[PDB]
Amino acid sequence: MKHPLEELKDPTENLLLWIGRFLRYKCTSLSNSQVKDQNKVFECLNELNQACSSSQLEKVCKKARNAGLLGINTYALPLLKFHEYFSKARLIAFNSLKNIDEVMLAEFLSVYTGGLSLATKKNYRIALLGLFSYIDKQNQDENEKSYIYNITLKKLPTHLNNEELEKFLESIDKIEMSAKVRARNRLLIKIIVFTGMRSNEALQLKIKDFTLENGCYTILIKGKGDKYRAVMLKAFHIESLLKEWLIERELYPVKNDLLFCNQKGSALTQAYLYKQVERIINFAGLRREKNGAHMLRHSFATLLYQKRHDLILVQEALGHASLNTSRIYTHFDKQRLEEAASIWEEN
C-alpha cells in the first residue's frame, strides 16, 4: 500500500518512518546470495517495521548486514546521519517534510562528509537520491495525489610491480608460519597472486572446481547469475603445496567439498586473509596505500597487460563485464598515434 507523506505531528518521527520503509524495501530487493541465516533476515523485516527510533533502525540494519545482507550498509548509516541533522535542536525551516530541498541536503553533505574520501561522499549522495526517489513513488493521499521532491543533486590503482611481486612471492615462503596453517595459508595467497581472483572467490573455492591437464590447472569460479568463469595457472606453482595441504585437510570436519577451511570446517573470513597478506607485505617491506588481497588482484591485471598487451585477455582473466574496467590498468603514449597513421604504408 501507499502512505500519505505526513501522517504524524512530529516531522522528525515522520522522516524516520519513511527511512524505515526504504531500508526495509532494500532488504527485500538487494542481493541475498550471501545470507547465512534466512530466519534472521525475516526477523529484520518485521523489526524494521516495528522500529520507533533511530538507534533501533541502526541495530536491525546491522543485524541484517551481519546475517549476510551486505548491501544494506551502504544505505543505512548515511540516512541515519541525515535524520540526526534534521532532528538537531535549534532556536528561532525544519517544521515540515516539505521543507527538505536540495539546499538543505547540500548543507548536510558539506557538514557530515568533511573528512571523508571522494568515494565515500559519492555513497552518501547516492543514498540520499535513493530515499527521496522512493518517497516520491510511494507517497499518496486519498485523492491519489502526491508530493514530489525530484532530488537530483547535480590513474593506476595501488599495486606491486614485477620485481616487487617476485620479492613478495619469496617472502611467503621466508616468513614464519605455524605448522598448522603454513601449508594452507601459502597455498591460498599464492593462488590469489597467480590468478588475481577476488577475496571471496578464493575463500569459496571447491576441490571439484579444479582440473589438471598437461601440467596446468583450470579453476572454475562461480559468479553472478550462477555463471562460471575460468582461470588457468601452471601446475608447478602450487603442486607441492596442494599435495601437502590436502593431506592435512583430511583431519578437518570440512563441509561441501570446500578447499580452504578453518579448524571447525567452515570457510575462512576476509579478516583472517587480510592479516595474513598484510604481515607478509610488512615482512617484505612493501607497505603502501593498500595492503590487502585486492591489491594483489590489481597487481596481476597490471602485469598481465604489461606482458601481453591484450585488453581482451585482461577482461576474460579478471572477469570484467566491460572493457572499460580493464582500461584502468593501461596507459597510452600519445606519440603512438603515429602507429595508426602508418597503417597505410606498412602491413
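Numbering starts at 1 and follows the sequence shown.
The deposited sequence places 10 or more unmodelled residues between residue 154 and residue 155. The modelled chain breaks between residue 92 and residue 93, where 4 to 9 residues of the deposited sequence lack coordinates.
Averaged over their C-alpha atoms, the temperature factors of 141-149 and 99-107 are higher for 141-149. Mean CA B-factor, 11-19 versus 329-337: the higher value falls on 329-337. As recorded in the PDB entry, 211 shows the highest C-alpha B-factor of the residues 195, 211, 185, 269. You'll see in the entry that, of 136, 201, 257, 84, the Cα B factor peaks at 257. Per the deposited record, the Cα B-factor of residue 121 falls in the lowest third when ranked against the other modelled residues of its chain. Sort the chain's modelled residues by C-alpha temperature factor and residue 227 lands in the highest third, per the entry. When the CA B factors of the chain's modelled residues are split into thirds, the value for residue 221 lands in the middle one. In this PDB entry, the Cα temperature factor of residue 343 sits in the bottom third of its chain's modelled residues, the lowest group.
In the deposited entry, the Cα temperature factor of residue 284 sits in the top third of values across the chain's modelled residues.
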